[PDB]
Amino acid sequence: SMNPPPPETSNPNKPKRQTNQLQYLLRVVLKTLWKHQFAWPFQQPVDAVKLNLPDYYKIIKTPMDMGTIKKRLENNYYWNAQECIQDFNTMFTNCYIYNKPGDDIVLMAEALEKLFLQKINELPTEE
Ligand SMILES: CCC(=O)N1CCc2[nH]nc(-c3ccccc3)c2C1
């Protein structure tokens, strides 16, 4: 029923890059999803205490959210676009795992995911 530490957003010994694909992930993909009317439940880690979801972190062992992703991108945490793409996919999958089909939260994730897929379809070729 307690919240775990959030995912890491800083690690000085992890090697980093700033690639055109990663810049796209921040400037197009994250920015597009973040501004959406359905973004709000996804803009920070799940607060299992506030939401009274004491089983959330029993079920979800690889938590991810766009606040974390935003921090990672702004802090140049990633080596490659795949890492960041995996984070978005983890976030969506967690939602689908934890919740029931047709719940509001699932409809919200599905809308965000549709947009995500459309933007990733146009991920620029690496420079
Ligand atoms: C991040 C989406 C998720 O799976 N959550 C667990 C189930 C759930 N129900 N309601 C929410 C939620 C709504 C608004 C703000 C934060 C979380 C959530 C968060």
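Per the PDB record, this model was obtained through X-ray crystallography at a reported resolution of 1.6100 Å.

Q: Pulling in residues and values, what's your account of the packing of aromatic side chains?
A: Per the counting criterion, the structure on display carries 5 aromatic pairs. Here the aromatic rings of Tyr77 and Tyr78 are separated by 5.9 Å at their centres, their planes lie at 80°, and the arrangement is edge-to-face. Neither residue differs from the other here; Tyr77 and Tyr78 are each classed as buried. Counting every residue linked through ring pairs, the aromatic cluster contains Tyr56, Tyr57 and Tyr98. Note that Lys70 overlies the ring of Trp34, its terminal NZ or CZ placed 5.4 Å from the centroid.

Q: So what's going on with the site of the ligand? Which residues, and what values?
A: Close to the ligand lie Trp40, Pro41, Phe42, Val46, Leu51, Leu53, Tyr56, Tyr98, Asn99 and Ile105. A distance of 2.8 Å is found between an oxygen atom of the ligand and a side-chain nitrogen or oxygen belonging to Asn99. Burial of the ligand by the protein chains amounts to 77% of its free accessible area of 430 Å². When atoms are counted within 2 Å of each cavity's grid points, the one that captures over half of the ligand is the largest pocket. By residue class, the composition of the shell around the ligand is 9 nonpolar, 1 polar and no charged.

Q: Which residues make up the pattern of salt bridges, and what are the values?
A: This structure, assessed with the given rule, holds 4 salt bridges. The salt bridge involving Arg72 is made with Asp87; its shortest N-O contact spans 2.8 Å. Placement of the pair is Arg72 in helix α3 (residues 66-74) and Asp87 in helix α4 (residues 81-98), with a sequence separation of 15 residues. Judged on exposure class, the residue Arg72 and its partner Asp87 are both buried. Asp103 is the salt-bridge partner of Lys100, the closest N and O atoms lying 3.3 Å from each other.

Q: Run through unusual backbone geometry, naming residues and quoting values.
A: Peptide bonds are mostly trans, and most non-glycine residues show a negative phi. Positive phi is not limited to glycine here, since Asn52 has a value of about 55°. In this structure, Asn52 sits in the loop between α1 (20-34) and α2 (56-59). Phi is positive for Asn76, close to 45°, though the residue is something other than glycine.

Q: Before we move on, can you summarise the nonpolar core with the specific residues and values?
A: In terms of nonpolar packing, the biggest core is built from 27 residues, with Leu25, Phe42, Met66, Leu73, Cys84, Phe88 and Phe92 touching the most fellow members. Counting only elements with at least two residues in this core, the list comes to α1, α3, α4 and α5 (104-120). Leave out the neighbours within four places in its chain, and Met66 touches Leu30, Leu33, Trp34, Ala39, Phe42, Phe88 and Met91.

Q: For α3, give the residues involved together with the corresponding values.
A: Taken residue by residue, α3 has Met66, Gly67, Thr68, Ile69, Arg72 and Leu73 as its buried positions. With a side-chain oxygen positioned 2.8 Å from the backbone nitrogen of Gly67, the residue opening α3 is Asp65. Positive backbone phi, approximately 45°, marks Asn76, located one or two places after α3.

Conventions and cut-offs
Residues numbered from 1 in each chain as written, not as in the entry; some residues may be left out. Heavy atoms only, no water. Residues with missing side-chain atoms left out of burial classes, pairs and counts. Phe/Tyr/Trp six-rings, centres within 6.5 Å; stacked < 30°, edge-to-face > 60°. Buried < 20%, exposed > 50% of the residue type's maximum accessible area, 1.4 Å probe, protein only. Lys NZ or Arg CZ within 6 Å of the ring centre and 35° of its normal. Near = heavy atom within 4 Å. Polar contact = N/O pair within 3.5 Å; in protein donor to acceptor, adjacent residues only side chain to side chain. Areas by Shrake-Rupley, 256 points an atom, 1.4 Å probe, with all protein chains shown as cover. 1 Å grid on protein atoms, 1.4 Å probe; cavity = no way out; pocket = protein on both sides within 12 Å on 5 of 7 lines; lining within 4 Å. Sits in = over half its atoms within 2 Å of the grid points. Nonpolar A, V, L, I, M, F, W, Y, C, P; charged D, E, K, R; others polar. Salt bridge = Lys/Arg side-chain N within 4 Å of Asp/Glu carboxyl O. Helix = DSSP H or I, 4+ residues; strand = E, 2+ residues; numbered from the N terminus. Core = buried A, V, L, I, M, F, W, Y, C linked by side-chain atoms within 4.5 Å. Contact = heavy atoms within 4.5 Å.

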